[PDB]
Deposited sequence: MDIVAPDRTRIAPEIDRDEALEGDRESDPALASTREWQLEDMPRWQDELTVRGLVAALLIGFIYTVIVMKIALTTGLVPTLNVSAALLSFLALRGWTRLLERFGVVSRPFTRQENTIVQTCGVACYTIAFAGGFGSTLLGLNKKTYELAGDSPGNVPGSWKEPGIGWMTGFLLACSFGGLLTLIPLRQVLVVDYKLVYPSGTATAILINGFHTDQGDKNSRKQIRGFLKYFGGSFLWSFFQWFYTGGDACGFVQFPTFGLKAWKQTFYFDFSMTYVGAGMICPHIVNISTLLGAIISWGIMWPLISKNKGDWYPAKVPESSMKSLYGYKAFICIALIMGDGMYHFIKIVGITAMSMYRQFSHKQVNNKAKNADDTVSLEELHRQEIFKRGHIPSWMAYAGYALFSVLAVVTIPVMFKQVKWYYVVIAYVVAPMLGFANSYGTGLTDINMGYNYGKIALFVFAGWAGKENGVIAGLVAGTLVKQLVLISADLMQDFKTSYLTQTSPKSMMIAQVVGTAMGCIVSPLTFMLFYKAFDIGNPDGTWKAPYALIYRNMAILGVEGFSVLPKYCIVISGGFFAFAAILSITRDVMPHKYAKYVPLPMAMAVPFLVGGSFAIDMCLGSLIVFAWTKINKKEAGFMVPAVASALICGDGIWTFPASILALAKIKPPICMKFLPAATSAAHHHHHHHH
């Protein structure tokens, strides 16, 4: 509980959060493709504190030793600081409320003239403070069930824990240096492989990432193999049933269902509207994907409640939810004050389903390491926009979309650190203090960082440097969302309801049979991840499982303790390169070559 919270750690976390906020914010306001930087934060937290201790030792100043528990605290505090930068919708949703996006959207029903709000320090900071801490309190009951009871493996959380453990190991065990040397060989190889790939991804859909390994026809169906060691490494430490389910979901959606649905491009949905829109082939993608997750997610949530209810019938869990209710009512009486377009009971509905929605995202992140939190926000934005008419509907959808996205996204990304703390033997009490401190600085720094960018430069211009494409894209969903569920394509609800029931049946089927049949049951929400992303992620995960399957047969003993080290090195090596790659995009240094693939034209 103590010896892990230090003043130097607070300074280090504050600095790491500040630069990582600037990197995230600048990328968000220029391209909207914010990268994952959690792994890089662990390395920077390690280097900064070891450098400070050595520099003081050089000057003769003695300092307390820097252990792995303190490294986890600094990394966790730093991550929470810059997570608010993109979880708060500064480049997607909150920027969609400005006047510039209102004019670009044009004149249409729902887009009434009173649907713009201007950014400011006073209201952005208060908006974040009220709602950011809501997700933190939900984590405490979720930490027990997911991290250790359900034994969910968080591949990025597990990889970071091994990386942090390898930094602070000092005693010469016989298996330790076999692991450390194995980690270092593949860490350098993966980092150099990612560095080599960068020079050839200099165009739209070209490079080693867009490699048509099984042909150009299968590549267009997203059934290729990108040379991503993050997904290959993640699949190595995931169970085979998770990897098989991921591929099985990609086959059903991209190999069968989407081609069959696309044959009705003129009947079921209009063909003039572009794809990736909620009226054309993306309503199928978004609603079927959540229905698979929600159908599986609800049953486990009811099962936990049902088990808990029976246990107390037979006879700090309520402390966290009491604080959550206190923060819930605080947002209920504050958010409508800032936005008169948002009614009081809109916030109430958002805060009741958030523990239930946050659980599903955390469970899904604990299976496939994919955070779908921003996908929940898109559905909630569409639904909440339909709960209001043309008047006060666009702002209501955007504001309520930020609420659902934050409590869902924050919960899943911050379960990554609890898995890291579990493996590094860090006290959960000290973790939550770093959770609150990191979130508190994030709710202060990010509004300040955004407005410095906002005042100095011009963000939102379609023809310019600081272009925020997702500010207008998120605005259009709310404009499309003011109309009810009628705008969804034909049979969209019927198919979604069928997949909701099908997901529930698998959850029923898995838990009712004996274990010697129950391990062949595919996981419904591991299936749902490739419904939105392509099947390349599924192929990469299965390749990682194939490597472990072959390795175990060849050498059972070595694969027992070397698979986690090799898999973590592959994840960390690609994760570390994400930091220099972001700096290159920060300085506008584009790749020189574009590796295109053509049909022998």
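A.B. asks: What are the missing stretches of the deposited sequence, listed from start to end?
C.D. replies: Holes in the chain trace, numbered from 1: 1-44, 360-392, 679-690.
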